[PDB]
Amino acid sequence: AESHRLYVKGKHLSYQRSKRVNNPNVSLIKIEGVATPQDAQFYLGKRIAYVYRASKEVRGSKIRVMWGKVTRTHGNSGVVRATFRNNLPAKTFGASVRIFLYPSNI
Amino acid sequence: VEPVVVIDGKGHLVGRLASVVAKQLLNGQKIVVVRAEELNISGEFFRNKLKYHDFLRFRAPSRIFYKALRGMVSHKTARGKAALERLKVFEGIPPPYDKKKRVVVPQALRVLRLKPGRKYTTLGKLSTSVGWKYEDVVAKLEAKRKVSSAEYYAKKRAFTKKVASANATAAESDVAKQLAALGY
Amino acid sequence: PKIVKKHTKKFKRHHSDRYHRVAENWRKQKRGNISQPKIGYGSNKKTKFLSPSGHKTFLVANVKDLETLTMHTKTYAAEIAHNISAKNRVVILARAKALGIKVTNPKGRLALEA
Amino acid sequence: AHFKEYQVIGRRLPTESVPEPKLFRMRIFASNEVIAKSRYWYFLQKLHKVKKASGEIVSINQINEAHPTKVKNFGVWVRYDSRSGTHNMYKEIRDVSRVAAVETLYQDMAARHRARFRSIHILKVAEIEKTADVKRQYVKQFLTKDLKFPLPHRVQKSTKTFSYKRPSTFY
Amino acid sequence: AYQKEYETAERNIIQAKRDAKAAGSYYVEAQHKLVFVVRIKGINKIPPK
Amino acid sequence: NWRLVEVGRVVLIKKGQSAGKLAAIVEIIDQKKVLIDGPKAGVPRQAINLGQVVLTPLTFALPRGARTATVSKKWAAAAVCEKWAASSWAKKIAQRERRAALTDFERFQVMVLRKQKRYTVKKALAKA
Amino acid sequence: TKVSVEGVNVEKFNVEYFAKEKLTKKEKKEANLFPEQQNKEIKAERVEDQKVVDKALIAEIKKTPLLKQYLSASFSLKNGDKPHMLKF
RNA sequence: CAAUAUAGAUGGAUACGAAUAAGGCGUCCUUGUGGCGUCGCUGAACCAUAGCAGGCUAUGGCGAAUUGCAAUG
RNA sequence: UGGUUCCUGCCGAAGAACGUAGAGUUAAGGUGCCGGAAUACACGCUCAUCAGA
RNA sequence: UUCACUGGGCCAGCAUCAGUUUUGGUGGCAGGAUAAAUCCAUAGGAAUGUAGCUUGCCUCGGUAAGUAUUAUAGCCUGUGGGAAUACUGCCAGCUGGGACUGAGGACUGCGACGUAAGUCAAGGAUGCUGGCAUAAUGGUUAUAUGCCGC
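Residue numbers (this note's numbering), protein chains in the order written: chain A, 59 to 164; chain B, 432 to 615; chain C, 31 to 144; chain D, 25 to 195; chain E, 11 to 59; chain F, 37 to 164; chain G, -6 to 81.
As structure tokens, this is what we get:
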């Protein structure tokens, strides 16, 4: 009744980078309540949506969605790599991005 | 997990808290830092006094911590400016934040990071020693706040004591045992 | 098949924006942030010369040229030359739709009235 | 890494008209057998004029602790090079097993003396059996009757970002 | 025959070590007449020898 | 009131192969390391650094350097398994284990029973 | 959480039963260029299948406590819900 | 144009203070630097949370479908 | 002395030999924040009235 | 003209495969001092000496310091019995998740399972479903973001 959330919100942290060269193709995601890569194994392959709201109304709504998926873990803290269909605009660093449970193993 | 995070500054280190907050603002978490005058610096008063001196060749503790924090963020970028626009810093706890809980950052605590038998430095004494003539104004407001907060906490403890009594008399019921069966 | 392109953009001369007298064709200089043409960018030999429709283009001047694409309809696609007069373009279009050959550029120099 | 005891025997080669030389046995603390054999030759050349081409290893062996449950007390002889001059050193170590004591000894020698694993040459590790042969005061500090003390470092790894508790070293 | 040969060879070497332990003497091993070598360094700054 | 590292101090290894098993300090090694054994819990006798373990406020009398069969004897005669289970902290640990053990229909029953208990408490409230 | 399927004779309808229907005569020339919208209703046989399955399924449900109300309520993720930790 | 959103809404920002080689809570008295017990050892908490994105009626009774197997919907 | 006009391929002197991509693994170098990655773990030492990194 | 069936391309999702890879869970072996330990059996030993006893100060019984080697705790060492486990290696053991890839294009080949006919994960991907003409979708520019650029 009060909640309708069938996803986990998580921050678009950054692009994959060295000190001087960043890859816009791979994006970095912080899933809330995940500190270990073993917990992030649960989130492998899961379908991700970045939800944002446009000014114009494209098809019956002003809200648009980018999609993509988790590929692999990144680092020790449970930070998670992600690849989308189109890359992110990078002004969405630190933005809330929805991570859905399908494709569910359980 | 929280929209606006309210962080007390009492008993904390400058740079470690600055690093944590500077990371979270670039992560997008909105942060207000309160009671800034009670931040603590490693080393004695005098060393840190000379460090502010040879830097100086703004006196408020908020300006000091803002300086330290702004050094860690790439401030010239638009993203860094948005991250700084997420931030609020206050000496003392002004309203409305007095009525809300203040979290602490354990990896920046003085009592955990410092070995006992080390000199530290209070930021408010430092600011007053370098020309911030408002520290007595702070403690005067904070004394009234602690009075009203002690009143609030004394009321809150009595009411939760009543809640404890009501939960105690709610016990031994079969719905309570079924919660016990489910674990609650 | 699945057409790989290997390079979406174009290959421009160094400092081509800095001067209006300097052209944008590739001329070899005689940092590495400029994409330089080389044989690694050469497309796959099956995929080479393919439209987004998936055909190979073929310039057609008149009907006798159009009849040369009679057997290879699914592979090629006819493109009317730029200098064909509008009397001949409609004849070419009628003949091509009779042959069932995809014209790359219909509606060139032509309108549909009534 | 974590070392291991090694019974290592060498016999430098029985030549023509010299059958069966004297089977020199040592005990090496090493992470593996390979560096154990290298250290064995590195001592055997210091014993007398051998080379690894001159002789051979008889038997490489790991030897465990007979009683790895009891806390034993040890007197250790070490020689090493403060680079220009050498000097011996006698240390006393309270430890459950031998090889962990040698581990902690290498850590302490690298801490206080800047000496590498190659620079340190173990002379002897032997159990001190009875009490009061502990010449060192700091091991003797733990030989008292009914010894009790509080924990230092009540600080622990908090593992989370923000704390609601205002925590306390409550010990 | 190969698998039987490997099994008999390894049991023979292990039992020879066991016979040295039972006799109280020592067993010496035959030298391994084969190794495998892996390149470690890049092509630059190598002496010609 | 302090806990002290001592023989017979029953402890709890919060981190490791035990990750929570009741053991007991049989002997001390130094300020850093000790000797423990947890033969009732199943963790064997071993040396351990003190960071990997926490002290419990429970204790009992245990002989110096006592062997494992003597250790389990004094453990059972201490009966500190029951004294541990009676402690509210071990109850909380078992509770947070049971909360992870929950099923969604179990969690829905938790929701319903919280509603019903809240109804009964709010009736019990606002009358006293 | 499990229920018994055994009361229901499910086997009748198949993959072919869910095949979405087609039109003929090119939709009868769109009724000569005039659209008609009476086709929205459900076939009654689908409703009858739903009732036949539903009776023997509710008969299974009513033996278990609180399961009807469990199926009626929906599901969402609350604050602190961590599905890698959330055993289901 | 609007009945909206802009660095990123879709359960809740859910309030003592100090000390840390100490605190808190409850209780008792001799109101103390008293005694007793408790607690921490994480919020993994607590509070809220069923009903067409939440229908219509009286533990009940009717409605949901075809948006056809995911595509903000 | 200064200048000396199209492209590509091949041959070509006096930590890592680099066609174009995708995926993985690594050298060196790092892993408080900028800044990607352990405010990991363990043991000792240093409080400097401009250590040290 | 009646009736019946069917439809291209692209982009997806799913299944079964194949190739590369990553991350799990799990089993059976083989070696050691044929693990060492522990546990059990025995004999001595000692103290950071348990019970007992003696003595002295002292809150009707606490202390202390002698005795006292097990008693009203035990420990250690020696020897004998039995495993188990650790570590290391092997498995042409089982099983799971995630990512990337789909080159090639009638058959031939090596196989394997099959009594047989046949089949197959075996000389490189096929099958099912969805969406799409006021398209689907794709491109162009100008701005913004991030990174790099004298």
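Positions of the beta carbon are idealized from the N, C-alpha and C atoms, including for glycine.
Residues near residue i in its chain [Cβ-Cβ closer than 6 angstroms; skip 5 each side]
i: B:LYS550; result: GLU475
i: F:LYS110; result: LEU98
i: F:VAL89; result: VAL47, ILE49
i: B:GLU469; result: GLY440, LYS441
i: residue 9 of chain A; result: Summary: the structure shown does not reach residue 9 of chain A, with chain A confined to residues 59 through 164, and so no result is reported for it.
i: A:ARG130; result: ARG139
Contacts of residue i in chain F (Cβ-Cβ under 8 angstroms)
i: G:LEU59; result: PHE141, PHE144, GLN145, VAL148
i: D:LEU175; result: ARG39, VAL41, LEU86, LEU91
Chain-ordered neighbours of residue i on chain A, where CB pairs are closer than 7 angstroms
i: G:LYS75; result: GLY91
Neighbour flag for residue i against chain A, beta carbons, 8 angstroms
i: G:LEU64; result: no
i: G:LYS71; result: yes
Cutoff 8 angstroms; reference residue i; Cβ partners in own chain excluding five residues on either side
i: G:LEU60; result: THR(-6), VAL(-4), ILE54
i: D:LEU71; result: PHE48
i: F:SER108; result: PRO75, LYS76
Any chain B beta carbon closer than 8 angstroms to residue i
i: D:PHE186; result: yes
i: F:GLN67; result: no
i: F:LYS51; result: no
Chain E within 8 angstroms of residue i, Cβ atoms only
i: D:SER83; result: yes
Same chain, Cβ closer than 7 angstroms to residue i, neighbours up to 5 away in sequence not counted
i: F:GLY78; result: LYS57
Min CB distance residue i to chain F below 8 angstroms
i: B:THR600; result: yes
i: B:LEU543; result: no
i: B:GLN460; result: no
i: D:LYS154; result: no
Minimum Cβ-Cβ distance from residue i to chain D less than 8 angstroms
i: F:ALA83; result: yes
i: B:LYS532; result: yes
i: E:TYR36; result: yes
i: F:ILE64; result: yes
i: F:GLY78; result: no
Contacts of residue i in chain B (Cβ-Cβ under 7 angstroms)
i: residue 28 of chain F; result: Chain F is shown only over 37 to 164; residue 28 of chain F falls outside these bounds and no answer can be derived.
Neighbour list for residue i in chain D, Cβ cutoff strictly below 8 angstroms
i: B:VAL536; result: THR185, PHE186, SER187
i: B:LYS577; result: Result: empty, since nearest Cβ-Cβ is about 15 angstroms, beyond 8 angstroms.
8 angstroms Cβ cut-off: residues of chain A touching residue i
i: G:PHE81; result: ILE164
C-beta neighbour in chain G for residue i, strict 8 angstroms
i: F:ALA55; result: no
i: F:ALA136; result: yes
Residues that residue i contacts on chain D, provided the C-beta gap is smaller than 9 angstroms
i: F:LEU71; result: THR93, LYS94, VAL95, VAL120
Contact set between residue i and chain G, taken where Cβ atoms lie within less than 7 angstroms
i: A:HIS62; result: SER69
Under 8 angstroms: do the region 534 to 544 of chain B and the region 478 to 498 of chain B share three or more Cβ pairs, one atom per stretch? no
Practice prompt. Would you list, in sequence order, the uninterrupted alpha helix (DSSP H) runs of no fewer than 4 residues that lie entirely inside the region 26 to 68 of chain G?
Written response: 37 to 54, 60 to 65
task = Inspect the CB distances between the region 109 to 118 of chain D and the region 160 to 169 of chain D and report whether three or more fall short of 8 angstroms.
result = Yes: at least three Cβ pairs fall under 8 angstroms.
Which residue spans inside the region 72 to 139 of chain C form an unbroken alpha helix (DSSP H) run of at least 4?
-> You should have 93 to 96, 116 to 129.
- Query: Counting Cβ pairs closer than 8 angstroms, one from the region 122 to 139 of chain D and one from the region 160 to 179 of chain D, do we hit at least three?
  - Reply: no
Problem set entry | Entirely enclosed alpha helix (DSSP H) segments - the region 104 to 133 of chain F, minimum 4 residues | 104 to 114, 116 to 121
Contiguous alpha helix (DSSP H) assignments of at least 4 residues, all confined to the region 435 to 514 of chain B: Within the region 435 to 514 of chain B, the complete alpha helix (DSSP H) segments of 4 residues or longer fall at 445 to 458, 476 to 487, 492 to 503, listed in chain order.
Exercise for review: Assess, as a yes-or-no matter, whether the region 69 to 89 of chain A is touched by the region 142 to 154 of chain A under the definition of 3 or more beta carbon pairs within less than 8 angstroms.
Suggested key: yes
*Would you be able to state if there are at least three C-beta pairs under 8 angstroms between the region 115 to 124 of chain C and the region 84 to 102 of chain C?*
Judged by Cβ distances under 8 angstroms, the region 84 to 102 of chain C makes contact with the region 115 to 124 of chain C, as three or more pairs qualify.
Query raised in the report: Hey, which unbroken runs of the alpha helix (DSSP H) at 4 residues or more fall wholly within the region 522 to 561 of chain B?
Result: 541 to 544, 554 to 561
*Contact between the region 73 to 91 of chain A and the region 125 to 145 of chain A: three or more CB pairs below 8 angstroms?*
yes
query = Along the chain, which unbroken stretches of the alpha helix (DSSP H) at least 4 residues long are found entirely within the region 582 to 613 of chain B?
reply = 605 to 613
Examine the Cβ distances between the region 68 to 75 of chain C and the region 83 to 94 of chain C and report whether three or more of them are shorter than 8 angstroms. no
- Query: Would you say the region 491 to 504 of chain B touches the region 137 to 157 of chain D, given that touching needs at least three Cβ pairs under 8 angstroms?
  - Reply: no
(message) Can you confirm whether the region 91 to 106 of chain D touches the region 49 to 69 of chain D when touching is taken to mean that 3 or more C-beta pairs between the two stretches lie within less than 8 angstroms?
(response) no
| message | If contact is defined by three or more beta carbon pairs under 8 angstroms, each pair taking one atom from either stretch, is the region 584 to 602 of chain B in contact with the region 51 to 60 of chain C? | response | no
Q: Pair every Cβ in the region 60 to 80 of chain G with every Cβ in the region 132 to 144 of chain F, then say whether three or more of these pairs are closer than 8 angstroms.
A: yes
field: the region 488 to 495 of chain B contacting the region 555 to 563 of chain B, beta-carbon criterion three pairs below 8 angstroms
entry: Touching, yes.
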